[PDB]
Amino acid sequence: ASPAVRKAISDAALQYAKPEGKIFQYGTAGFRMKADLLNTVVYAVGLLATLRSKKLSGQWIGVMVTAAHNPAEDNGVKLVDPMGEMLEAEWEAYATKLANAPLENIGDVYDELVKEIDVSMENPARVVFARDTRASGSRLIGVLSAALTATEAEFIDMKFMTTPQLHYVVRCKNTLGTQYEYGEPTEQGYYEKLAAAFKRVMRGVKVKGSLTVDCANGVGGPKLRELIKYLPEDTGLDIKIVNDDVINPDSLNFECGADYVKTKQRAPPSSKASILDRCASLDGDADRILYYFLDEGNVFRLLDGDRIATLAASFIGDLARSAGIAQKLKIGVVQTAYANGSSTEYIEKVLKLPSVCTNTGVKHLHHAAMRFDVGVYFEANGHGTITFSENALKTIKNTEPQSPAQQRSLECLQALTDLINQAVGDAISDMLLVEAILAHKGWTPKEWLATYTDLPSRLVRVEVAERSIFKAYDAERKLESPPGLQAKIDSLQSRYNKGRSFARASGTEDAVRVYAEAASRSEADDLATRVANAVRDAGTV
Ligand SMILES: O=P([O-])(O)O[C@H]1O[C@H](COP(=O)(O)O)[C@@H](O)[C@H](O)[C@H]1O
Ligand SMILES: [Cl-]
Ligand SMILES: [Cl-]
């Protein structure tokens, strides 16, 4: 790196101060913490984004400033690689080295990195960024801008966007004018693509009943309202938006949003939904969705990420069979350990498909899903998508089927591949997917719920002094450490019918998570509470 660059790096860093004693870690999805801790971190990330882009011969790299499901006082920064995927895993160590460098030395760490990565410093760097509605985002975008200006990257501020909009923009700008061309790299282009794909998938069917979408008082509320202006007119889809208060920042994810619904297993307390109204909740950056409704008995029923995965795997399997291509589109379902055991059992015994369990975090699920022609992957919390391999897409595009029924199914599959946000999932595209599926099957939430019955389950968020002593393995289902704790968990889970519990450190918040399921409500709650007390005791010595 040039002497003027190395100077502008140290000059710009002078404006900030590292918080004393904090060690930063990349975590499940990127640096995330209380927003007053973030300046030097974000500055470090601007440096890393420049290096990444240069290493990739000036391809657009994205930065999304968000803490996603986290409470409003947090923020964070996620890196996006050129095709929309999460920043390559090996590069999380480089980010963490820059973020932990004394500020005085950040210039030297930068040069140390150019040598180690072997980066051609004459390559252009091109970075595009956006943020959700969080109060700290503008300050952090200032810092990011300061880093990128110092390193002389070309950069574009896309203002407020959902996480998946930013991933979409990155993929578009890196594919524009090629055979791979994903769309126009603007917010309008995103709405146009979703709308056009949904029109095609919907040919010949209609949605029945309204959909009431809790938008977590985040950026998804205004963007979904905008998307609705683009959507086709006679599909029967009737969306009502609730919780779109992007004006009061304390409202974000507050008593509403997918994370509230999933962890508490209840509708937002401000919900005005009637019995049998079909509902869904997005989260604060619109990258999770779940569904839920009040049944005929006025009882809340949850349709979470694994319900979406299984819904999509069933539909795709029926379309591939109908299109005469079942033998050529092998479907697999990727899960994590948070998936309800009943959903795993359904995938195995009713859909008759392979499933794979991976670590928590979309990067891991996406990785495992590459092993299938069609890889359906969701986390229970409502992240996820469906990936189609090169060979699958070629089969879907080029098959010429014998009859009109087969052609209609083939065309529905082709449209689905344009609707489904490839790589990292997109909650709003997943919502249109679910709507299209129910419309084709003719199902209401009643029939979808009846596919399988979830085991009663429970999440407990446990605060400990030192979550780094909780080290997990086997798709994070067992604790290697602290010594003796897995033994206790194995012993506890065996006392309950269908008892299954595991504990692991969160990589997005300072807590340990406990999950438990069993055959009955009393058993699952007892198992979760006894496991959480064993964790709290261990983590708090
Ligand atoms: O907040 P988001 O929507 O970015 O979600 C992030 O955190 C979730 C919880 O991770 P953990 O249990 O380590 O805290 C993960 O399941 C998810 O893949 C990740 O992208
Ligand atoms: Cl907004
Ligand atoms: Cl939890």
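In this note's numbering, the protein residues as written are 27 to 567. We treat Cβ as the ideally placed atom computed from N, Cα and C, and that holds for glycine.
The way I'd put it, the stretch 219-233 doesn't touch the stretch 273-291; fewer than three beta-carbon pairs between them come closer than 8 Å.
Annotated as distal: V400 and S381, with beta-carbon spacing of 9 Å or more.
Sequence-distant Cβ neighbours of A544 in its own chain, meaning closer than 7 Å and more than five residues away, are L481, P482, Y522, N523, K524, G525, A550, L553. The alpha helix (DSSP H) runs of length 4 or more contained entirely in the stretch 274-361 are, from start to end of the chain, 284-290, 331-349.
Within the stretch 361-420, the runs of beta strand (DSSP E) at least 3 residues long that lie entirely inside it are, in chain order, 381-383, 400-404, 410-414.
The set of residues with any CB-heavy atom separation to ligand 2 below 5 Å comprises, in chain order, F186, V245, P248, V272. With respect to the C-alpha of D107, the residue from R197, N96, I143, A125 having the closest C-alpha is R197. Here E502 is buried: its Cβ has 16 or more other Cβ atoms, across all protein chains shown, within 10 Å. Of the heavy atoms belonging to ligand 3, none sits nearer than 8 Å to the Cβ of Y286.
Residue pairing by DSSP places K266 opposite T238 in a beta bridge.
Here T212 is actually not in contact with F186; their C-beta atoms are around 14 Å apart, not less than 8 Å. Two segments are said to touch when three or more pairs of C-beta atoms, one from each, lie closer than 8 Å; by this definition the stretch 371-391 does not touch the stretch 459-469.
Within the model, the alpha-carbon separation for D452 versus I315 is close to 9 Å.
Under DSSP, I182 forms a beta bridge with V154. Beta-bridge analysis with DSSP links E543 to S483, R526. Around the beta carbon of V169, a 10 Å sphere encloses 16 or more other beta carbons of the protein chains shown; the residue is thus reported as buried.
For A537, the Cβ falls inside the 8 Å cut-off from some heavy atom of ligand 3.
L105 is bridged by DSSP to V89. By the neighbour-count criterion, in which 16 or more other beta carbons inside 10 Å mark a residue as buried, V376 falls on the exposed side. Our two residues, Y499 and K298, have alpha carbons roughly 43 Å apart in a direct line. In the three-state reduction of the DSSP assignment, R503 falls in the coil class, being assigned neither a helical nor a strand state.
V145 counts as buried, since no fewer than 16 other beta carbons sit within 10 angstroms of its beta carbon. Each residue's CA atom was taken as its position, placing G283 and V31 some 43 Å apart. Residue pairing by DSSP places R58 opposite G102 in a beta bridge.
Pairing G215 with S28, the inter-Cα distance amounts to about 38 Å. A direct Cα-Cα distance of roughly 38 Å separates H392 from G323. According to DSSP, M112 shares a beta bridge with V106.
Taken atom to atom, the span from the alpha-carbon of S296 to that of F280 is near 11 Å.
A498 sits in a strand when the DSSP states are folded into three classes.
At least one heavy atom of ligand 1 is found less than 8 Å from the C-beta of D313.
Within its own chain, the residues whose Cβ lies closer than 7 Å to the Cβ of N417, once the five positions on either side in sequence are excluded, are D399, listed in chain order.
Distance check between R292 and each of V325, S520, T188 places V325 closest, using alpha-carbon atoms only. Exposure of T175 is indicated by the presence of fewer than 16 other C-beta atoms within 10 angstroms of its C-beta. Cβ-Cβ distances below 6 Å link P275 to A98, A161 in the same chain, with the five nearest sequence neighbours on each side left out; the list follows chain order.
The beta carbon of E142 sits closer than 7 Å to no other beta carbon from its chain once the five residues preceding and following it are set aside.
Just measuring C-alpha positions, the residue of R229, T443, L278 sitting nearest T261 is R229.
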